[PDB]
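Enquirer: Got a structure for you, coords-v3.cif, holding mmCIF, C-alpha atoms.
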```
data_protein
loop_
_atom_site.group_PDB
_atom_site.id
_atom_site.type_symbol
_atom_site.label_atom_id
_atom_site.label_comp_id
_atom_site.auth_asym_id
_atom_site.auth_seq_id
_atom_site.Cartn_x
_atom_site.Cartn_y
_atom_site.Cartn_z
ATOM 1 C CA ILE A 1923 7.301 20.384 -15.929
ATOM 2 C CA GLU A 1924 7.907 23.061 -18.565
ATOM 3 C CA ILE A 1925 11.414 21.943 -19.582
ATOM 4 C CA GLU A 1926 9.803 18.461 -20.042
ATOM 5 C CA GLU A 1927 12.884 16.355 -19.305
ATOM 6 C CA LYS A 1928 13.338 15.923 -15.511
ATOM 7 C CA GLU A 1929 11.826 16.493 -11.975
ATOM 8 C CA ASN A 1930 8.744 14.226 -12.008
ATOM 9 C CA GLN A 1931 7.254 14.658 -8.515
ATOM 10 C CA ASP A 1932 4.743 12.374 -6.719
ATOM 11 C CA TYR A 1933 2.329 11.780 -3.771
ATOM 12 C CA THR A 1934 -0.715 9.590 -3.048
ATOM 13 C CA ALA A 1935 -4.134 9.701 -1.371
ATOM 14 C CA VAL A 1936 -5.826 8.079 1.621
ATOM 15 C CA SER A 1937 -8.758 5.617 1.879
ATOM 16 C CA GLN A 1938 -12.483 6.319 2.292
ATOM 17 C CA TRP A 1939 -12.787 3.463 4.822
ATOM 18 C CA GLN A 1940 -11.522 5.481 7.811
ATOM 19 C CA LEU A 1941 -14.563 7.729 8.402
ATOM 20 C CA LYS A 1942 -17.133 4.970 8.942
ATOM 21 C CA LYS A 1943 -14.364 3.181 10.867
ATOM 22 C CA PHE A 1944 -13.781 5.533 13.801
ATOM 23 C CA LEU A 1945 -10.302 4.645 15.062
ATOM 24 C CA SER A 1946 -7.267 2.918 13.558
ATOM 25 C CA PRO A 1947 -4.279 2.589 15.952
ATOM 26 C CA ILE A 1948 -1.841 1.626 13.136
ATOM 27 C CA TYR A 1949 -3.174 4.273 10.701
ATOM 28 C CA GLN A 1950 0.250 6.002 10.413
ATOM 29 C CA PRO A 1951 1.870 2.703 9.357
ATOM 30 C CA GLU A 1952 -0.776 2.135 6.667
ATOM 31 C CA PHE A 1953 -0.179 5.667 5.341
ATOM 32 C CA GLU A 1954 3.588 5.022 5.410
ATOM 33 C CA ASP A 1955 3.101 1.725 3.521
ATOM 34 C CA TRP A 1956 0.895 3.483 0.938
ATOM 35 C CA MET A 1957 3.526 6.206 0.506
ATOM 36 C CA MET A 1958 6.355 3.641 0.277
ATOM 37 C CA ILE A 1959 4.669 1.313 -2.255
ATOM 38 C CA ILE A 1960 4.230 4.040 -4.925
ATOM 39 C CA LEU A 1961 7.757 5.467 -4.538
ATOM 40 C CA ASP A 1962 9.508 2.113 -4.943
ATOM 41 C CA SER A 1963 7.209 1.314 -7.858
ATOM 42 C CA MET A 1964 8.227 4.610 -9.491
ATOM 43 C CA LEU A 1965 11.912 3.704 -9.028
ATOM 44 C CA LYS A 1966 11.275 0.179 -10.361
ATOM 45 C CA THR A 1967 9.300 1.608 -13.326
ATOM 46 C CA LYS A 1968 12.211 3.944 -14.147
ATOM 47 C CA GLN A 1969 14.570 0.940 -13.924
ATOM 48 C CA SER A 1970 12.244 -1.106 -16.187
ATOM 49 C CA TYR A 1971 12.082 1.779 -18.688
ATOM 50 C CA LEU A 1972 15.878 2.053 -18.692
ATOM 51 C CA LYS A 1973 16.225 -1.725 -19.132
ATOM 52 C CA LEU A 1974 13.548 -2.047 -21.850
ATOM 53 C CA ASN A 1975 15.478 0.103 -24.341
ATOM 54 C CA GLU A 1994 2.646 -5.027 -20.164
ATOM 55 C CA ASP A 1995 6.281 -6.040 -19.735
ATOM 56 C CA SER A 1996 7.296 -3.055 -17.596
ATOM 57 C CA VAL A 1997 4.073 -3.201 -15.546
ATOM 58 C CA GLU A 1998 4.842 -6.664 -14.160
ATOM 59 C CA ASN A 1999 8.536 -5.810 -13.713
ATOM 60 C CA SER A 2000 7.851 -3.018 -11.214
ATOM 61 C CA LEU A 2001 5.719 -5.072 -8.836
ATOM 62 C CA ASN A 2002 8.491 -7.652 -8.223
ATOM 63 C CA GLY A 2003 10.924 -5.211 -6.607
ATOM 64 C CA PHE A 2004 7.960 -3.312 -5.112
ATOM 65 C CA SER A 2005 6.545 -6.532 -3.585
ATOM 66 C CA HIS A 2006 9.966 -7.570 -2.184
ATOM 67 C CA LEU A 2007 10.545 -4.134 -0.582
ATOM 68 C CA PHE A 2008 7.024 -4.213 0.834
ATOM 69 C CA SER A 2009 7.357 -7.902 1.829
ATOM 70 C CA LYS A 2010 10.087 -7.122 4.336
ATOM 71 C CA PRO A 2011 8.176 -4.161 5.891
ATOM 72 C CA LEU A 2012 4.851 -6.069 6.039
ATOM 73 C CA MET A 2013 6.475 -8.871 8.054
ATOM 74 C CA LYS A 2014 8.109 -6.261 10.320
ATOM 75 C CA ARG A 2015 4.755 -4.409 10.655
ATOM 76 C CA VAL A 2016 2.931 -7.688 11.422
ATOM 77 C CA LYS A 2017 5.490 -8.589 14.120
ATOM 78 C CA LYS A 2018 5.170 -5.109 15.674
ATOM 79 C CA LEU A 2019 1.360 -5.342 15.544
ATOM 80 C CA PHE A 2020 1.324 -8.859 17.034
ATOM 81 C CA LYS A 2021 3.687 -7.751 19.832
ATOM 82 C CA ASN A 2022 0.982 -5.469 21.266
ATOM 83 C CA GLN A 2023 -2.439 -6.456 22.598
ATOM 84 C CA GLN A 2024 -5.903 -4.920 22.337
ATOM 85 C CA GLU A 2025 -6.966 -5.852 25.886
ATOM 86 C CA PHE A 2026 -4.270 -3.705 27.539
ATOM 87 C CA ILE A 2027 -5.329 -0.532 29.342
ATOM 88 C CA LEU A 2028 -2.222 1.365 28.196
ATOM 89 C CA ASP A 2029 -2.720 0.302 24.572
ATOM 90 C CA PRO A 2030 -6.403 1.364 24.591
ATOM 91 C CA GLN A 2031 -5.485 4.543 26.473
ATOM 92 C CA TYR A 2032 -2.941 5.453 23.788
ATOM 93 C CA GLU A 2033 -5.314 4.766 20.882
ATOM 94 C CA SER A 2043 -5.802 -3.730 14.077
ATOM 95 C CA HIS A 2044 -6.280 -6.535 11.550
ATOM 96 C CA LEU A 2045 -8.596 -4.798 9.075
ATOM 97 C CA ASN A 2046 -5.899 -2.364 7.863
ATOM 98 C CA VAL A 2047 -3.730 -5.219 6.576
ATOM 99 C CA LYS A 2048 -6.609 -7.054 4.846
ATOM 100 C CA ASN A 2049 -9.080 -4.464 3.492
ATOM 101 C CA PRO A 2050 -6.958 -2.009 1.366
ATOM 102 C CA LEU A 2051 -4.920 -4.949 0.046
ATOM 103 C CA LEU A 2052 -8.284 -6.541 -0.884
ATOM 104 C CA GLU A 2053 -9.041 -3.493 -3.029
ATOM 105 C CA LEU A 2054 -5.550 -3.480 -4.581
ATOM 106 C CA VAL A 2055 -5.024 -7.187 -5.470
ATOM 107 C CA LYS A 2056 -7.558 -6.865 -8.310
ATOM 108 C CA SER A 2057 -6.112 -3.510 -9.411
ATOM 109 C CA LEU A 2058 -3.682 -4.875 -12.024
ATOM 110 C CA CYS A 2059 -3.891 -7.818 -14.435
ATOM 111 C CA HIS A 2060 -0.160 -8.539 -13.983
ATOM 112 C CA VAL A 2061 0.193 -10.624 -10.805
ATOM 113 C CA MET A 2062 2.952 -9.878 -8.269
ATOM 114 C CA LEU A 2063 4.975 -12.165 -5.997
ATOM 115 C CA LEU A 2064 3.022 -12.230 -2.700
ATOM 116 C CA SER A 2065 -0.402 -11.314 -4.249
ATOM 117 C CA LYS A 2066 -2.701 -14.083 -2.958
ATOM 118 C CA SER A 2067 -0.317 -15.348 -0.239
ATOM 119 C CA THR A 2068 -1.460 -12.756 2.328
ATOM 120 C CA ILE A 2069 -4.294 -14.811 3.822
ATOM 121 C CA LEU A 2070 -2.461 -15.864 6.988
ATOM 122 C CA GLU A 2071 1.013 -14.396 6.396
ATOM 123 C CA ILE A 2072 0.797 -12.311 9.586
ATOM 124 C CA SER A 2100 -21.480 6.053 -0.041
ATOM 125 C CA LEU A 2101 -23.916 7.729 -2.441
ATOM 126 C CA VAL A 2102 -23.563 11.023 -4.411
#
```
Output the file's structure as structure tokens, nothing else.
Expert:
Amino acid sequence: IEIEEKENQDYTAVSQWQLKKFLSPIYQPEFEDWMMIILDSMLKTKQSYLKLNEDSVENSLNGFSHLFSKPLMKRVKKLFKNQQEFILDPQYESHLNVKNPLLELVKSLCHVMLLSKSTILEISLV
């Protein structure tokens, strides 16, 4: 930004664990969860910066974890409603996408969040 006051845009990236893993039938929901976690954390970080005047890093993951806690339970209910042995479900296109990227992001920050370690049963060279 050349006026340096407003319009801070954003996006994210996608995992490297979906090329060795050939097919993910809930891949669009994982991409939607990854694009919804960073946007609500940006809004919570702006709210923490407006309320402040370490501390603001832990304050963004509370609202971010609550907003992702409702969609993860909805996503888990929608994933448990379907079955992998169906012919229509295998003809159209499921538990590694909820565990593995969350495994790589629980140790990302020192500041713990609300539902951090409670997601156990809540449902390469150069």
Enquirer: Quick one: which residues end up in the PyMOL selection byres ((chain A and resi 1939) around 12) for this structure, as a count of residues only?
Expert: 17
Enquirer: Smallest atom-to-atom distance to residue 2065 (chain A): which of A:2027, A:1974, A:1960, A:2001, using only C-alpha atoms?
Expert: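 Counting only C-alpha atoms, the residue closest to residue 2065 (chain A) is A:2001.
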Enquirer: List the spatial neighbours of residue 1935 (chain A) as a PyMOL selection string - criterion: any atom at most 9 Å away, only C-alpha atoms, same-chain residues fewer than 2 positions off excluded.
Expert: chain A and resi 1933+1937+1953+1956-1957
Enquirer: Taking all listed atoms of region 1927-1937 of chain A, build the axis-aligned box, pad each of the six sides by 6 Å, then write its centre and edge lengths in Å to one decimal as JSON.
Expert:
```
{"center_x": 2.3, "center_y": 11.1, "center_z": -8.7, "size_x": 34.1, "size_y": 22.9, "size_z": 33.2}
```
Enquirer: Taking the file as shown, find all residues satisfying the PyMOL selection byres ((chain A and resi 2005) around 12) and write them as a PyMOL selection string.
Expert: chain A and resi 1955+1958-1960+1962-1963+1966+1998-2004+2006-2013+2055+2061-2068
Enquirer: Interatomic distance between CA of residue 2048 (chain A) and CA of residue 2025 (chain A)?
Expert: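 Separation of CA of residue 2048 (chain A) and CA of residue 2025 (chain A): 21.1 Å.
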Enquirer: Can you tell me, as a VMD selection string, which residues sit within 12 Å of (-5.1, 5.4, 22.6) in the file's frame, using only C-alpha atoms?
Expert: chain A and resid 1945 to 1948 2024 to 2033
Enquirer: Write the residues you've just listed into a file as an mmCIF file, in the frame of the given file, and include C-alpha atoms for each of them.
Expert:
```cif
data_model
loop_
_atom_site.group_PDB
_atom_site.id
_atom_site.type_symbol
_atom_site.label_atom_id
_atom_site.label_comp_id
_atom_site.auth_asym_id
_atom_site.auth_seq_id
_atom_site.Cartn_x
_atom_site.Cartn_y
_atom_site.Cartn_z
ATOM 1 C CA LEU A 1945 -10.302 4.645 15.062
ATOM 2 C CA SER A 1946 -7.267 2.918 13.558
ATOM 3 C CA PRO A 1947 -4.279 2.589 15.952
ATOM 4 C CA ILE A 1948 -1.841 1.626 13.136
ATOM 5 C CA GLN A 2024 -5.903 -4.920 22.337
ATOM 6 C CA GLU A 2025 -6.966 -5.852 25.886
ATOM 7 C CA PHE A 2026 -4.270 -3.705 27.539
ATOM 8 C CA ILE A 2027 -5.329 -0.532 29.342
ATOM 9 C CA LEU A 2028 -2.222 1.365 28.196
ATOM 10 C CA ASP A 2029 -2.720 0.302 24.572
ATOM 11 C CA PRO A 2030 -6.403 1.364 24.591
ATOM 12 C CA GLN A 2031 -5.485 4.543 26.473
ATOM 13 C CA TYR A 2032 -2.941 5.453 23.788
ATOM 14 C CA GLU A 2033 -5.314 4.766 20.882
#
```
Enquirer: How many Å separate CA of residue 1961 (chain A) from CA of residue 1996 (chain A)?
Expert: 15.6 Å
Enquirer: Using all atoms listed in the file, which residue out of A:2057, A:2051, A:2014, A:1926 lies closest to residue 2069 (chain A)?
Expert: A:2051
